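Chains as they are written, first to last, in the entry's author numbering: chain D, 716 to 802; chain B, 269 to 804; chain A, 4 to 524; chain C, 5 to 524.
Note that beta-carbon positions come from the ideal geometry of N, C-alpha and C, so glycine has one too.
The next block holds one structure in the form of structure tokens; read it before the comments.
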Amino acid sequence: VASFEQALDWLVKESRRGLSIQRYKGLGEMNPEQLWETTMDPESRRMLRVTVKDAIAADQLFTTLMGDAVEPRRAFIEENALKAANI
Amino acid sequence: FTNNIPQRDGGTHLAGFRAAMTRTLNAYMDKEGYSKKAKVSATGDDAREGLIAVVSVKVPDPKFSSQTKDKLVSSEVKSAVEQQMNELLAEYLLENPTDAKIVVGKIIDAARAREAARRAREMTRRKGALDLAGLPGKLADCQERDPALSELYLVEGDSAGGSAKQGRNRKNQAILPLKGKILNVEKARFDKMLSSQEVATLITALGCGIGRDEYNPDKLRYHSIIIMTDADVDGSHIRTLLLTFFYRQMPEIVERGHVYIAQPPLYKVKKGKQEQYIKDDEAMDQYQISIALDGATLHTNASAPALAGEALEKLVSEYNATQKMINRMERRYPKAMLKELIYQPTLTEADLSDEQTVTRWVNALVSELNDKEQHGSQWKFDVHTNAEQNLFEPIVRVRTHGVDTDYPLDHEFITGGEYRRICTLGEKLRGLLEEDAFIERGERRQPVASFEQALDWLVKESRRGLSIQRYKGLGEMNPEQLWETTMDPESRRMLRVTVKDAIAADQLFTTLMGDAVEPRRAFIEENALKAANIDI
Amino acid sequence: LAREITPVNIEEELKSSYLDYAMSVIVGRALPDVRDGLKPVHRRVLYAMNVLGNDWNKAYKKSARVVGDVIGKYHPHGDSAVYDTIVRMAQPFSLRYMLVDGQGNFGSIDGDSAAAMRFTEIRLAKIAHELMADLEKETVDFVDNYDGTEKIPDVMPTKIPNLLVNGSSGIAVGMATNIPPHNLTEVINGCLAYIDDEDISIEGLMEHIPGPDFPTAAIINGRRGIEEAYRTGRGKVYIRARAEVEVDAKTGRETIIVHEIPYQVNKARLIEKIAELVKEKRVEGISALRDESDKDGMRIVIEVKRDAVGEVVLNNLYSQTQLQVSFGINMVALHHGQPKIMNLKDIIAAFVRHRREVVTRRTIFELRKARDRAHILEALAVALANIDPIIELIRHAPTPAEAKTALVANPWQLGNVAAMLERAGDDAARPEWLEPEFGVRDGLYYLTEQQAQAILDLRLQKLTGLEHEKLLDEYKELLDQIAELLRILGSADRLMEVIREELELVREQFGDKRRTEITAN
Amino acid sequence: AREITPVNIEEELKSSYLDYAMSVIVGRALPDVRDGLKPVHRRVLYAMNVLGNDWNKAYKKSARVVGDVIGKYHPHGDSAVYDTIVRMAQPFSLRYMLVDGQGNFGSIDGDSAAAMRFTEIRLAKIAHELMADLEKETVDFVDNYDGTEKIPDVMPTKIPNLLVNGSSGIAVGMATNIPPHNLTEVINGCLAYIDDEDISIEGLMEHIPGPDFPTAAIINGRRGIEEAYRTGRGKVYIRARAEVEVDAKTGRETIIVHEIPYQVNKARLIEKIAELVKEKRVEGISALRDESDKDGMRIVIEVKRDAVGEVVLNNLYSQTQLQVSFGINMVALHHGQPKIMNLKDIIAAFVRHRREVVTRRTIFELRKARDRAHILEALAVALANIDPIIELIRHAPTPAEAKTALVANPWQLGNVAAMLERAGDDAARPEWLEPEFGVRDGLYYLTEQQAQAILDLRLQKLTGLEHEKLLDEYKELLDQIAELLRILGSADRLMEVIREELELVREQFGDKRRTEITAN
DNA sequence: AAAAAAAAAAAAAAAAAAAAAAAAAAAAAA
DNA sequence: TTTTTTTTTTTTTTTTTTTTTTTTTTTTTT
């Protein structure tokens, strides 16, 4: 090699030689045993408890993202896009 | 005529002539208002009544249905004839008023006679934008209020319904799409007739609720009920179910002749510019043979003229019939033996008396079978001396796939009729191909050693530019294609359903469509045997 | 006359339409072929998967793509039915040996339906590849599709007796077939016994094949039905569930544990029926009812009351609910393209005849291929022997056609290497269609147009020393292969040896244990 | 690695809804400004192109195309891909159809298209020019959802598809609604922009007076069009073509609707007229019929004798859906972000896209020509010295040893090769090639690829004619390389090529106006 | 005047049913 | 103790419906 780009590209290209990805387009594409192994068995489960840190902030977020008015939703989405674009 | 060759069966030019004449006369009648004064609409076969015409055409590369040249299937000719007629006949009608008025008088007299031929009836309330009249939501009704001018098309579903609704005449055509297969009324109880699909047909026809004390066929809302199902097997089955419904529940409608059957095409076949619609598999086979013999010449010698087209058609027809028979006889004897018996000399019953002649004949047959063999089978002969009749029946052994079997050619097989037909085709084809024989399809040249090679080469060359479109129901046909084929009254080809014998019809309906399975199985098996055993 | 309207009789139209429909259904969707044991839908689905390349050792493909390929090309009868056929082929409680490997939800015996076409993915099973072995070697006849733009096989060159093994079930118009599954090892043993002695009795075939073997293990109650079915093609067989009566040690109560259920019986519908019988007081003594199928078996608990024998309750459940069902065998299949009621020996004989035909066609194709390659190798060896004047002729020629004419016109000396090569097997190693004008004639080799074209297509890479010896070794190997193929074609015993070796290999690879128990009664 | 981990409802809701919003906005809802297509249309066209659904080839069943799209490219399930295909096929939706379907594809009357198993699908002729030079790496290819294949990121279009066919889609935050336009006028606007890049919106209005809907109709105003083409948002009123026909024999009048507004169903229109008549919300209507005789459309509305008819027509315009307000909202993706944009922005984006496509195509063709010229130099030098090369190849034991010998030996230039090679000089060697190889002091130094090509040389090519074939091919490649370098060097020649392509596109797919713009 | 509610345009997620065609077992009418 | 109608296969033919999302209009209701 002569550049870090060449080395990284060669490493990735050799990584993806024998690779095979199966994307699941919903739980109907998973076998029941695969569902049991991943996210039904309490031993190997990974869940999340929904909790409310602040009632007022939660209400404001729900009303903005899910209310009838579109302008606050558009402003929120644009602000998050700009935040993602920036550091 | 086409290039000064008559066409007994018409052709595309005839259809274009008919369409243009009808369109121009109807437009002239509508413009001048003669139809309104007479209060009658002219139709086909009235504008053609008492007519004489000669339609000569000169095509550079004509294409006919057969070498007999009775039909012209060239697609280019219809549009030109239609355009020229639609211009110039209208111009003629404008210039000459007196003769046009006389012809319109004749047409109006014919239309009045046709209306007088019809029976009494009453105008019926129709589904409309302002008023629905309590009719189904899927009915695409027409604008004609008088029956005997309207007509109902029964189709198979909403896709076929849309294809038919887009292409039709809103004045007359009405469409009532069904939902797939319907109840078998022969098997179903009368209480099961209360179903969504069958009640829709009962509401639209307005024959009341098909009861003893309510079924009044005089209140029929359309005097032409057209069963336009798909052009395939399940379409035929749904047609049979509909015929059961009409015969069993409304027999007076079938007797009066209001039930019709449409015949949409199953295939569309195209070769470059030309296109054509084909109904069924036998028609497809005939079309393939016609293309194969289209511009095809067969020379028996290197320097000899081409054979006649009609004679070559007769030879190919006899050959195909014999090949179908040989395929039917695949169980009894090997196909290779039966094919080889065509080219061998005939063997009569008198030859069976002599022994040496039979041995020579079967030895020659087996030697030719062994020479041309291209599989693992091995042929051997054996003659059995029948002491009862003082005969010598040959036997041909074959060891195919390691399995040995004997096929004795019995005394009945020689005079069995099948062997007679094989002998006749052989007598036609003993010496119609010398060593230097060849065929041409234009600039292409191909020496041929046997008739099979010539036929296969012609078929392969025919199928070069061929493209086939099988319509899996009317939803695959464009509305223009469905209109031009089997909705336009000019280019229509319908069948009137009639009852030849009530007793035979009842027995056939009960056997084929009843509950009992044994008569149905026996009927199917007997008809299969009759189809297999056409040739004695 | 080409009239717009013509009369048609109600009798003629009805007869023609219904006979057309009946024969079409009978020949083309309902019954299976006796040879490969597959319906046209299964045949077209497997052919589409094989053409796509859904190999057993490759990534899954979505069911939507395979169904679209089947509908667009081969099978014009709507996508939902084709997907249902694929679902039935994939699931293991339907077929004894699954022809499709599924990835997703394909339903269950609990009554759950399969996932939609857009979720699941499919792949051929390893058995399906041996069901289509040597398909490329023109071992079976190909027929046109509905358009005529493609070719579909008329029958699969199977190595497995799929009809007996996986069974079948269909409803034609006049006919209706119903054939139970069987164990592959027992069926192959019966086939080998038939090959050893073709005048074998149904008693011997039943010694090798005691009875059916459903994918769901169960108990077959009797044997008279099996004997009648295998000697006549029809007979009723009773299939019972593997129930028990557990007795608690601590307490006197009892429980009935249904370990297995009969074939084509839904667990949910059976439990609903038992609940209905308990509610309606049809069956007495049922304290409770649940399922405990914890993916380590299939447990259905039916608690017995204190005032109940339990075994009497179990007998009542066998009599009333669907824990015992009668399988009506009706061995109807297409033989020579017509329906026929056939017994066990007829099916085995048909399979062995099919194997004879397949192996003979394969050997003929391989022999023709080997002879053609030997012809080309003779041309290449003779050309490499005389490479210098060939190069001079090609250089002097203006165009390749003139080079072809010069090469064909000029006879060529063999040289030492080609003369030594073309000594063993000079006879029975030429292509059959080649006339005696060409080939070796008193030392001077004569080329054909095809050989001249092959010589002109020769590359400079093959002028090295090693490639000449490679061509010589390939020619010797082809001579040995041609000799072996001719030996197979000559002797009928060697054909049986090859077929028996193939059947033994199939039994070894895909052998399986019997699941059901054929108890006496 | 806890089994259970608490999460705030605010963070989960925000992350999930922002993922959905960004995914819809980028992928499915809005189109791309360059090629004017959504990912569904792009993947459908790419799948059809890969299958080979050429406009002159035979049709293929719609089920096959839908299954190919879903199985390979589009992970979002069937019965929406088929709906997009149906919309692209039917002519009353798109101004220029991208699909040429057969069967029942619906109608303005409101009939739904036939099911997936009935119809058949084929690319339109214009769809090929929408995908011209895709094979020449003119656009970036993005990976598949599984990573097993690749899809184009954008098509190398020649037609301004966004302005031509329009668009209509709804995102989470945004929503686009762009009308279709006439291809000749849009190409004239593009050529005017090329001639003068600092063109005002008034000039583009002169070239492009307004939208041109597939259903011919009348547009009342023009201030809405001007506002749309300045700001990217405006309201346009589309009127029906209705004429009050007075019978000559009697004074009764009938209103005949010749044409209907865009995206209006005839069945719902007639139903609403019937509802207004039954509720007596519109007076003067005597009868109502549809007489569309496959020669356009004809909705006859008989007026009563005690009614003006003009008043009835004005009431039908005001109340009924014979007038519809088309709200223009030109939102499209630009550099992978939504943006409201006016007419000049869209034209400039299209011209930048064509600049990029032509430059990438010329670079690819130059690389291909230089590689082929390299191989032809190798073959010519081999044919010049075929005798010692034959000797070396014969004496070598293996092909690898022959390659090493050929690379090691510097080869004399033949007289024909000497005249051939020195005339070309530089500007034909590939860029990647080192100065070590090639002609050096009248001796050709072969590479490994050249030696492999020589060993792959067939004895058929030693004939006299093939040497002349190689010479002619080499000279043609030198001319092509010169033309490609001339195109790449100058910026004016790039615009000359682009203008010639746009003029040819206007010539092939020229079409007349359908709708009418009026002053009222 | 004023607010609220319903519909429809186009890509997404989900699903629901009606009949033929044989055999063979329930489960009520008679 | 006997008719009759109902469920189940597995290939075929047919259709049907519910939400999200944003502008814009048309009802209707106060």
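The continuous beta strand (DSSP E) containing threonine 180(C) extends over residues 179 to 182. DSSP, reduced to helix, strand and coil, places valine 286(C) outside both helices and strands of the structure shown, so it counts as coil. The beta carbon of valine 328(C) lies closer than 8 angstroms to those of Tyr241, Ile242, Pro265, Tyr266, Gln267, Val268 in the same chain, with the five residues before and after it left out.
Interface with chain B (8 angstroms Cβ-Cβ cutoff): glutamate 210(A) is excluded. Note on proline 184(C): 16 or more other CB atoms within 10 angstroms of its CB, so buried under the neighbour-count rule. The continuous stretches of alpha helix (DSSP H) do not include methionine 159(A), and DSSP gives it neither H nor E. Shown here for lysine 449(B): same chain residues with a beta carbon closer than 8 angstroms to its own, the five before and five after excluded, namely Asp502, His505, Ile506, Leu509 in chain order. A contact is defined here as three or more CB-CB pairs under 8 angstroms, and the region 618 to 635 of chain B fails this definition with respect to the region 715 to 727 of chain B. Taken in chain order, the whole beta strand (DSSP E) runs of length 3 or more contained in the region 76 to 115 of chain A are 103 to 106.
Beta bridge pairing from DSSP links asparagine 12(C) with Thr766(D). For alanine 118(A), at least one C-beta of chain D is nearer than 8 angstroms to its own C-beta. Within the region 391 to 457 of chain B, the runs of alpha helix (DSSP H) that reach at least 4 residues and sit entirely inside it are, in chain order, 426 to 434. Interface annotation, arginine 309(C): not in contact with chain A, CB-CB separation never under 8 angstroms. One thing to note: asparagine 354(B) has its Cβ within 8 angstroms of the Cβ of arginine 291(B). The beta carbon of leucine 380(A) sits closer than 8 angstroms to the beta carbons of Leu474, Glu477, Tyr478, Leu481 from its chain, once the five residues preceding and following it are set aside; these are given in chain order. For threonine 766(B), a Cβ of chain A is located within less than 8 angstroms of the residue's own Cβ. In this structure, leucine 446(B) sits near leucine 422(B), with a CB-CB distance shorter than 8 angstroms. Taking all protein chains shown into account, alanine 25(C) has 16 or more neighbouring C-beta atoms within 10 Å of its C-beta and is therefore buried. If one requires a minimum length of 3 residues, the beta strand (DSSP E) runs lying completely within the region 248 to 332 of chain C are 257 to 263, 289 to 294, 303 to 307, in chain order. The beta carbon of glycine 207(C) lies closer than 8 angstroms to those of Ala196, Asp200 in the same chain, with the five residues before and after it left out.
In the three-state reduction of the DSSP assignment, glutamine 341(C) falls in the coil class. If you draw a straight line from the Cα of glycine 446(C) to the Cα of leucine 459(C), it is about 23 angstroms long. Judged by DSSP secondary structure, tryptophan 647(B) falls within the beta strand (DSSP E) whose first and last residues are 647 to 654. A distance of 8 angstroms or more separates the beta carbons of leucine 49(A) and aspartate 72(A). Interface flag for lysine 18(A) against chain B is set, since a Cβ pair is found closer than 8 angstroms. For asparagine 746(D), at least one C-beta of chain A is nearer than 8 angstroms to its own C-beta.
Within chain A, no residue has its beta carbon less than 8 angstroms from that of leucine 444(B); the closest one is some 21 angstroms off. For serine 735(B), the residues of chain C that pass the 7 angstroms Cβ criterion are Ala62, in the order they occur in the chain.
Within the same chain, and ignoring the five residues on either side of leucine 492(C) in sequence, the residues whose Cβ sits closer than 6 angstroms to its Cβ are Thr366. A direct Cα-Cα distance of roughly 21 angstroms separates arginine 302(C) from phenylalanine 109(C). Residues of the same chain with a CB within less than 8 angstroms of the CB of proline 156(C), apart from the 5 flanking positions on each side, are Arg46, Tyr50, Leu138, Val143, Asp144, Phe145, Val146 in chain order. The Cβ atoms of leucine 469(A) and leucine 383(A) do not sit closer than 8 angstroms to each other. Across the set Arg738(D), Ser730(D), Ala717(D), the C-alpha of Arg738(D) shows the shortest separation from the C-alpha of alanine 62(A).
By the criterion of a C-beta distance shorter than 6 angstroms, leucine 361(B) is surrounded in its chain by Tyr296, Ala368, once the five residues flanking it on both sides are discounted. Taken in chain order, the unbroken stretches of alpha helix (DSSP H) that lie wholly in the region 596 to 645 of chain B and span 4 residues or more are 603 to 611, 617 to 621, 624 to 639.
For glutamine 512(C), the uninterrupted alpha helix (DSSP H) segment begins and ends at 495 to 512.
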